Every structure is written in C-alpha cells, then in structure tokens.
Amino acid sequence: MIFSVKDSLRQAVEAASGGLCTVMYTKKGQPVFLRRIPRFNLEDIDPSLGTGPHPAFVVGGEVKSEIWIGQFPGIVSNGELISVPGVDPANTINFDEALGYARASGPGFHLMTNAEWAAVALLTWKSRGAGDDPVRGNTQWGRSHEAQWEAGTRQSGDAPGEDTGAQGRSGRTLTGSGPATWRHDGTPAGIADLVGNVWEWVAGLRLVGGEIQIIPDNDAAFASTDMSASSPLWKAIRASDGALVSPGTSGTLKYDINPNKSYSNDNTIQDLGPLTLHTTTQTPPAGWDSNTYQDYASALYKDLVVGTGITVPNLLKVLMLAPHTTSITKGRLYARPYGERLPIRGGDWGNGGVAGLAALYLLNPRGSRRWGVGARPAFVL
Ligand SMILES: [Ca+2]
Ligand SMILES: [Ca+2]
C-alpha cells in the first residue's frame, strides 16, 4: 500500500482548495488543516508603510516563501493544539498553556503570532478592496451582528442570537460552520473564524505597565524563544524613529488612558477615555499590578488617539498596533497600562462591532483563562 487514509485526506483538502490549503500531521499524527499565505512586501499594501517583506515572513533572519495559518480555531486534542473543522473551539486556557500546546505538535508548529495575524489582516484588507474590514463572523451568540441570517452551529445547541450567558451556556460555534463570508477571503478556502467565535491568544506582543513590547519580526515562531515575563528577548519601540530598543528606555511608545481623564481608585471599573498612544504613562494608584482588574482605556481602532508630538512609526501600523486608514469601522482596542498584559485578538460571540480583524484586547495577564478566549496553531517551513 502506497495509500494512507491520512494522506488521502490531505490530497482531498488540497484538491478542493485549489492547492491553497493542506493537512499536515503532528508528532502524534493528528490533523492540522492549514492555509498558505504567500509572502508579500509592505509596498503592496500601501507604499507609505515602508519597504521589504512583511515581518510575518522573516524568521531568524531568513525570508520565507510563505506561511501556514491554521484554517480554524485551535482545539486541544490529547496534548496538541490542532486545527480542524466542525469542533468546539479551544477555550479556558491561558497564554502559556496555548503557547505550549501549540508547540507540542512538533518542529514548525507554533502559537499563531501577532506578526502573522498582522500579515493576514493587512493582506485581507488590501486584497478585498482596501476599504473596510472585509470579514464577518460569530459576533452575536452564533450569528453575525451585521448579518442575522449568517450563523454557525452553536456548541451549546441553542439558537443563534440567544443570549444564554446567565444559564452558563456559551455562544461558541463549531469551527468553520459559518458561511464563507466568515473566512478571510470570502471563499471556502479561507481562514475561518478569525473574527468572532472566540478571542485568540497571539505571540510576539506584550504590555508592561503600558509600554508596548514585541518579539522582533516573526521570531515568535521558534519553539525556543523565551516569551515568559523575564525574557531578554522583548523589545520596545522608540516613537521618534521607531527603532527597537531596550525596555525602560526614554522615548518608548505606550498605551495610556486619556490625558483628559485620571485613575479612580474606587474599586470600580471605568473605561478611561479614548485610548492614547504617546511616550508616557499616567502613574496608577499604588499597588496596582498584573493581578489588578480595574480601570482601563479603549477606543475603536480607527479612533486611537495619537499623542500631540508623536508620529506613529510604520512598524506599529504593520503589526496592527496603530491604524493606517480609518476606513476600518470595527474592531476595538483595549489596554491596561499597569502590570503585564498578553494580547488576544479577533473578538468573540458576545462582542459586536468590537470584534473584527483589528480587535485587540490587552486587559488580561498571561494567567487569565476565559470561556471566550482560545488559540490557533500556525506553521512555517
Ligand atoms: Ca476569533
Ligand atoms: Ca476605578
């Protein structure tokens, strides 16, 4: 027999997808549906963003031909974070668990990185008309908040659109079970559920007391790179020239609450004004750290407030940390400028226009486990 069930499935997936998708197999021989996104240059999105390959395609100094994105939200099976259709998306796992489960699959496999997310979002935006966020999804308890008649299959068994939070029933939908408009390119061969269903942990991005920090390029792809809190790998961004510099340096970019507002230590949560990007951080009340869940600051991605002196470096636009267009009317940005925060992207079933390609939620610490937050695998090489 030259024939295997596992290889024949791979071929079927490759065929049906015009060669855009495949199935790779994990260390433990489990299926990972993956969609290829070939390398593009920044100038192909908009020449005013700079030049060279998008960071998603640079791993350990080497420029890659393409990357592979998990076609579906990850699910944890045995001890691997795999990517398959028709299942309840992984949830209630923290950043380190997600990062680990992703790597367990073997060489190449990793927790999808902020650089990859950034690559897909920008490419999606440009390729679908360079207008708004082209993509929809499970952003209202099973269906799309923009489009009621687009729904997936709810794991809960409840009707799309029914808020069952109080009954402790989730609004997650089985992966890819929504229509093709819930896939990044409008076709069945697209990446599914990027927008909605569950938020997803991404690697290579971090907040420390409001200072923005990243793992350079797509270096977050290695199974060896230290993304713990103590890691010397994290770099900040200089705002004046956008160079990668050591954390704590003078002119580094930070997410901050609004200049026209102030932290209220009333043990009561307030959204403190349009989120602002400048080089300083308002001092929070004493004793507020990564385990403090209090006041924050949000803003629609298009509406992020740029500091009076600041020219936002292209680097931030490319990694989807600051808007480049304002044609984007969905996707909300959240940030707590105190403690260590790890990013989750895309939005879930209960957000609304908050969900979207540009949705970024930096209010939680790496330890947080929530029923509407999960992860998905990617592969390079
Ligand atoms: Ca999602
Ligand atoms: Ca407060």
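Residues numbered from 1 in each chain as written, not as in the entry; some residues may be left out. Chains lettered and ligands numbered in written order. Heavy atoms only, no water. Residues with missing side-chain atoms left out of burial classes, pairs and counts.

As documented in the archive entry, the model was determined using X-ray crystallography at 2.810 Å resolution.

The title line of the PDB record says "Thermus aquaticus variable protein (TaqVP) from diversity-generating retroelements (DGR)".

**Points about the pattern of salt bridges**
Filter applied, for reference: Salt bridges, as used here, are contacts in which a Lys or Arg side-chain nitrogen is within 4 Å of a carboxyl oxygen on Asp or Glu. Helix and strand definitions follow DSSP, with helices as H or I runs of at least four residues and strands as E runs of at least two, each counted in order from the N terminus. Under the scheme applied here, a residue whose accessible area is under 20% of the maximum for its type counts as buried, over 50% as exposed, and between as partly exposed, the area being computed with a 1.4 Å probe on protein chains only.
Under the counting rule described, the total for this entry stands at 15 salt bridges. Residue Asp88 pairs with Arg172 through a salt bridge whose shortest N-O separation is 2.8 Å. Within this pair, whereas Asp88 is found in the loop between β7 (80-82) and α3 (95-103), its partner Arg172 is found in the loop between α4 (114-127) and β9 (199-201), the two being separated by 84 residues in sequence. Here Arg172 falls in the buried class, since its relative accessible area comes to 6%. Of the charged contacts in the structure, one is a salt bridge between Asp158 and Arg169, with a shortest N-O distance of 2.8 Å. Taken together, the positions of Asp158 in the loop between α4 and β9 and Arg169 in the loop between α4 and β9 put the pair 11 residues apart, joining distant regions of the chain. The exposure class assigned to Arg169 is partly exposed, which follows from its relative accessible area of 31%.

**Digging into the coordination of the calcium ion (ligand 2)**
Just so we agree on the cut-off: Note that water is not among the atoms considered, so a metal site may appear incomplete; the donors listed are N, O and S atoms within 2.8 Å of the metal, with 3.2 Å applied to Na, K and Ca.
Bound to the calcium ion (ligand 2) are the protein donor atoms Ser264 (O), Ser264 (OG), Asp266 (OD), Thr268 (O), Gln270 (OE1), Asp295 (OD) and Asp295 (OD), situated 2.3 to 2.9 Å from the metal. Here the donor residues for the calcium ion (ligand 2) map to a single chain with the spacing S-x1-D-x1-T-x1-Q-x24-D. One end of the pair, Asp266, is in the loop between β14 (254-256) and β15 (276-278); the other, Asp295, is in the loop between β15 and β16 (297-300), with 29 residues separating them in the sequence. Assessed through its relative accessible area of 39%, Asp266 is described here as partly exposed.

**Focus: the coordination of the calcium ion (ligand 1)**
Expected angles at a metal are 109.5 degrees for tetrahedral coordination by four donors and either 90 or 180 degrees for octahedral coordination by six donors. Surrounding the calcium ion (ligand 1) are the protein donor atoms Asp193 (O), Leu194 (O), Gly196 (O), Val198 (O) and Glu200 (OE), at 2.5 to 3.1 Å. Along the chain, the residues donating to the calcium ion (ligand 1) are arranged with the sequence spacing D-L-x1-G-x1-V-x1-E.

**So, α4**
What counts here: Here, expected helix span is obtained from the residue count minus one, scaled by 1.5 Å.
The first and last C-alpha atoms of α4 sit 20 Å apart over 14 residues, in line with the 20 Å expected at 1.5 Å per residue. In terms of burial, α4 is a largely internal element, 11 of the 14 residues being buried. For α4, every residue scored as buried is listed here: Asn114, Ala115, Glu116, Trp117, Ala118, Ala119, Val120, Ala121, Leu122, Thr124 and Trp125. Once α4 ends, the next one or two residues include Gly129, with phi positive near 120°.

**Some points on the packing of aromatic side chains**
Just so we agree on the cut-off: Stacked, tilted and edge-to-face are the three classes assigned to paired rings of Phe, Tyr and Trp, where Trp is represented by its six-membered ring and a pair needs centres within 6.5 Å; plane angles under 30 degrees give stacked, over 60 edge-to-face, the rest tilted. Both a distance and an angle decide whether a charge sits over a ring: NZ of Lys or CZ of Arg must be within 6 Å of the ring centre and within 35 degrees of the ring normal.
The full count for this structure, using the stated rule, is 12 aromatic pairs. Ring geometry for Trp199 against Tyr361: centres 5.3 Å apart, planes inclined by 40°, an arrangement best described as tilted. With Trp199 in strand β9 and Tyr361 in strand β21 (residues 360-362), this residue pair connects regions lying 162 residues apart in the sequence. The class of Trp199 is buried, set by a relative accessible area of 4%. Ring geometry for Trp288 and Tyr338: centres 4.8 Å apart, planes at 50°, overall tilted. Taken together, the residues span a long stretch of sequence, with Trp288 in the loop between β15 and β16 and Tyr338 in the loop between β18 (332-335) and β19 (340-341) at a distance of 50 residues. Connected via pairs of aromatic rings, a cluster forms that spans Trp199, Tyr296, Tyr334 and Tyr361. Lying over the aromatic face of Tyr293, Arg370 brings its terminal NZ or CZ to 5.8 Å of the ring centre.

**Things to note about the sheet that holds strand β2 (residues 31-38)**
Heads up, the condition is: DSSP-based pairing: two strands are paired if at least 2 bridges between them are found. Here an angle of 0 to 180 degrees is reported between the N-to-C directions of two axes, which are lines fitted to C-alpha atoms, with helices fitted over the stretch in contact. Contacts are assigned to residue pairs that have any heavy atoms within 4.5 Å of one another.
Reading across the sheet, the five strands line up as β1-β2-β5-β23-β8 and stay open at both edges, with antiparallel pairing between neighbours. With partners counted over all chains shown, the strands left at the sheet margins are β1 (21-25) and β8 (109-111), one partner each. Averaged over all pairs of adjacent strands, the angle between strand axes in this sheet comes to 40°, irrespective of strand direction. Examined bridge by bridge, β1 and β2 share five bridges and lie antiparallel to one another. Paired with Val23 across the two strands is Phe33, which belongs to β2. Along the sheet, helix α1 (residues 5-16) makes contact with β1 and β2, crossing β1 at roughly 160°. Most of the contacts of α4 go to strand β5 (residues 66-70), to which it runs at about 95°, and overall it touches β2, β5, β8 and β23 (377-379).

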